[PDB]
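The next block holds one structure in the form of structure tokens; read it before the comments.
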Amino acid sequence: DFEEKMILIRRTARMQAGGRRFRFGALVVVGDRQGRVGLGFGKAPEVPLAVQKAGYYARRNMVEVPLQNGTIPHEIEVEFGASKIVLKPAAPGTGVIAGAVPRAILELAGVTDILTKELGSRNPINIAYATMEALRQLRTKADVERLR
RNA sequence: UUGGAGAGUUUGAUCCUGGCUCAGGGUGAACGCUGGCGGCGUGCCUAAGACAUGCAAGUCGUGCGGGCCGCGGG
Ligand SMILES: [Mg+2]
Ligand SMILES: [Mg+2]
Ligand SMILES: [Mg+2]
Ligand SMILES: [Mg+2]
Ligand SMILES: [Mg+2]
Ligand SMILES: [Mg+2]
Ligand SMILES: [Mg+2]
Ligand SMILES: [Mg+2]
Ligand SMILES: [Mg+2]
Ligand SMILES: [Mg+2]
Ligand SMILES: [Mg+2]
Ligand SMILES: [Mg+2]
Ligand SMILES: [Mg+2]
Ligand SMILES: [Mg+2]
Ligand SMILES: [Mg+2]
């Protein structure tokens with residue numbers, strides 16, 4: 001079936017009379033390596049539940065992302081509030097050029113060759129959301145002349 | 001169209017802002033520890049401070065008159 005990757009685990013904290021009491025946040029992308037990716041954020045009182053909870057939501061938030069010989073059809077920039085991802089198509093023999101967060105998303109979508117660059121807040125979460133919305137806005141020639 | 005990776009650190013925790021710091025590459029280098037050979041580079045970045053000694057620009061007797069020495073006789 002699909003394939004999972006844990007980009008982010010982190011411990012948060014709330015306060016009460018007595019001290020700090022913790023939660024856990026799991027940021028996990030799930031892909032098909034052939035054009036299906038999803039991103040999910042799952043928060044739970046212990047690490048396994050969250051890691052498992054996020055993979056659930058991930059499977060219910062997928063994007064088409066239409067590959068073209070392993071690369072995306074056009075350059076794209078998306079801002080998710082102070083976070084900014086740039087994606088540029090790249091020829092075959094180049095590789096996936098991305099930091100760890102967008103890499104896990106592109107590599108699970110079957111992107112084999114792309115140029116990326118994060119800008120502004122490189123906050124992993126918001127960068128991950130902005131990478132997903134970037135893929136969500138990918139158009140093809142058949143997509144655009146149908147629109148026109 | 002051959003080209004673009006980020007991370008640590010302000011909070012109990014969050015998002016943002018922002019500075020500091022790090023991973024890379026480079027040097028006519030220097031310093032420490034260590035040191036086998038070969039090739040090709042390359043070596044006063046400071047006092048354009050001061051310098052012993054030798055050498056780094058001479059050559060033509062097919063321009064000219066001469067002193068010397070050596071070779072053939074007058
Ligand atoms: Mg499409
Ligand atoms: Mg902005
Ligand atoms: Mg942001
Ligand atoms: Mg910043
Ligand atoms: Mg940061
Ligand atoms: Mg500190
Ligand atoms: Mg403060
Ligand atoms: Mg602290
Ligand atoms: Mg910073
Ligand atoms: Mg020897
Ligand atoms: Mg000098
Ligand atoms: Mg000197
Ligand atoms: Mg002086
Ligand atoms: Mg001489
Ligand atoms: Mg002479």
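Here is how names work: the chains are called A, B, and so on, in the same order as the sequence lines, proteins then strands, and each is numbered from 1. All heavy atoms count here, side chains included; hydrogens, waters and symmetry mates do not.
B:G8 and B:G4: their P atoms are spaced 23 Å apart (whole Å). Rounded to the nearest Å, the gap between the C1' atom of B:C44 and that of B:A30 is 13 Å. Atom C1' of B:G41 sits at a distance of 15 Å from the matching atom of B:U27, rounded to the whole Å.
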Filtered N/O pairs between nucleotides 17-25 of chain B and protein, under 3.5 Å:
none

Using the 3.5 Å cut-off, write out each protein N or O paired with an N or O of nucleotides 1-3 of chain B and the distance between them.
residue	atom	partner	partner atom	Å
B:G3	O6	A:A91	N	3.0

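With RNA chain B read from its 5' end, the first of the two nearest nucleotides for A:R20 and A:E118 is the one closest to A:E118. Mapping A:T12 and A:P102 onto RNA chain B by nearest heavy atom places A:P102 at the nucleotide closer to the 5' end.
Consecutive residues B:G39 and B:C40 form a stacked step, taking six-membered ring centres below 5.5 angstrom and planes below 30 degrees as the test. Under the 5.5 Å centre and 30° plane thresholds, the six-membered base rings of B:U17 and B:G18 are judged to be stacked. Consecutive residues B:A5 and B:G6 do not stack, lacking base ring centres under 5.5 Å apart with planes under 30°. Base stacking between B:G25 and B:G26 is present, with six-membered ring centres under 5.5 Å apart and ring planes under 30° to each other. Adjacent nucleotides B:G58 and B:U59 have six-membered base rings whose centres lie under 5.5 Å apart with planes inclined under 30°, meeting the stacking criterion.
The pair A:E145-A:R148 does not count as a salt bridge, with every side-chain nitrogen at least 4.0 angstrom from each carboxylate oxygen. Between A:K88 and A:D113, none of the side-chain N atoms (NZ, or NE/NH1/NH2) sits under 4.0 Å from a carboxylate O, so this pair counts as no salt bridge.
Judged purely by atom type and a 3.5 angstrom limit, A:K53 uses its side chain to pair as donor or acceptor with the backbone of A:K43. Judged by distance alone, the side chain of A:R20 and the main-chain N or O of A:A13 form no donor-acceptor pair under 3.5 Å. Looking only at distances, a side-chain donor or acceptor of A:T116 sits under 3.5 Å from a matching main-chain atom of A:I97.
Members clustered with A:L49: none, using a 4.5 Å side-chain heavy-atom cutoff among hydrophobic residues.
Considering only side-chain atoms of A:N123, the nucleotide from B:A13, B:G4, B:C16 that sits closest is B:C16.
Rounded to a whole Å, the CG atom of A:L27 is 11 Å from the P atom of B:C15.
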Dot-bracket encoding per residue of RNA chain B, Watson-Crick/G-U cut-off under 3.5 Å, | denoting interstrand: .....((((.........))))....................................................
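For B:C15, the sign convention on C1'-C2'-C3'-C4' gives a north pucker, since the angle is positive.
In terms of the ring-ring contact (aromatic ring centres under 6.0 Å, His included) criterion, A:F41 has no residue partners (sequence neighbours excluded). When the ring-ring contact (aromatic ring centres under 6.0 Å, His included) test is applied to A:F80, the partners found at least two apart in sequence or on another chain are A:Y129.
Residue A:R122 places at least one side-chain N or O under 4.0 Å from the OP1 or OP2 atom of B:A7.
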